[PDB]
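A single chain, nothing else alongside it, follows as structure tokens in the form deposited in one PDB entry.
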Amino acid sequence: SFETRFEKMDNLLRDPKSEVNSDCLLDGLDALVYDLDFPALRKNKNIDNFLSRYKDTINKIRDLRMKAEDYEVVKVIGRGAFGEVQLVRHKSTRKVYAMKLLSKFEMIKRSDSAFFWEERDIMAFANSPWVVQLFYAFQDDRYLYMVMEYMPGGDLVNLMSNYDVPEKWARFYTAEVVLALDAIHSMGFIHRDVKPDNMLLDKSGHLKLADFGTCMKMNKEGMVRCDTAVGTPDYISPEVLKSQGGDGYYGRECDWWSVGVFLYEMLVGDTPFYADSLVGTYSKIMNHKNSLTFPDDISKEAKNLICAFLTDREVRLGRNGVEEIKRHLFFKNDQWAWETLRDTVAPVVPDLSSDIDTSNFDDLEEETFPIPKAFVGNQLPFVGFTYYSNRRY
């Protein structure tokens, strides 16, 4: 019917998960005006008149919608090859957030992924105490921006570097990682890059996973088909390392391997497959059966869990689900219960001076695409990244 067609169309403009909602539609026009405003292209009157017709309007839209100059940057609290993370204060609301910026030029200059989409969706829609929340996502001709809740307690790399972690603390952080990974799995994703760097602590000292740039959606059988390896040299599973065009099919057990590496690191002080060279580390993982050893402190149960995860996928703990991990004797304690863990008092409670305290963050210190001679459409792969006008509430 006429009404049905009108309603279906109207719902499509409102749906926060729609490809044609107000955020996508505005991004689409913002892209066109960015990708056409070049003297070479303006020689074409269709383009020249269009740009002149939308001049005043696109300026208004640009000014009203969220932009980088709405944020006062306090400190850079993270860096990477394609971008950086910074502690910011929204000038109007005075609210404090952590903002992850990704260079559009660097992404386009061979990144063979579109990895930012799953990171946006996981944080935007997880709605889990175990996942860092996305409040807003915006962009300009140069960057992508992800306005997240600030985790002032820093990460587990920092914690491990300042403390000789006792077993009771390690039990706590491992248990929270197991619950957090299970939330991600329940959303139908394999993390593929579980490491202390991606384990963040809130004002309360409780864990939340961050950095979802390697997350991939599991298929019907809960599997992923990847021909090229993904993750970190130290925390990567044997199966993700050998993953090729012939084999390259794997499940969520790869995230359980990484937990075993994390546990080993907390209790031993080094990664189990550490070697001088990066290539030496690769050899040691592939030879885990002979290379995994313990120095001459760690309990019977802690050693058992480590070895239960640091095995071949076919005999790995968690191949039969989380309940076999949860029931492992290592977690046996008279302090917390799985179902109530995030309500307990954390082993290390952040002692923070202010809303912008950065004491848990170690002190940190561009080229764009050229002017196109013809239409190239560099803003097109980013249409619909905005999470502002059509948000879930």
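In case it trips you up, residue 1 is the first one in the sequence shown, and so on. Between two forms, the rigid core is the largest collection of C-alphas that superpose within 1.5 Å.
The same protein has a further form, the form deposited in another entry, not shown here; the description that follows concerns it.
Trainee: Aligning on the rigid core, do we see the C-alpha of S52 shift 2 angstroms or more between the shown form and the other one?
Mentor: Superposed on the core, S52 moves its C-alpha 2 Å or more between the shown form and the other one.
Trainee: Could you check, with the core superposed, whether the Cα atom of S111 shifts 2 Å or more between the shown form and the other one?
Mentor: After core superposition, the displacement of the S111 C-alpha between the shown form and the other one reaches the 2 Å mark, so yes.
Trainee: On a rigid core superposition, would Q244 pass a 2 Å threshold for CA movement between the shown form and the other one?
Mentor: Yes.
Trainee: With a shift of at least 3 angstroms, figure out whether the C-alpha spacing between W257 and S111 grows or shrinks in the other form: closer or farther?
Mentor: Between the C-alphas of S111 and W257, the gap widens in the other form (3 Å or more compared with this form).
Trainee: Looking in the other form, are the Cα atoms of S111 and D197 closer together or farther apart than here, the change being 3 Å or more?
Mentor: Relative to the shown form, the pair is farther apart.
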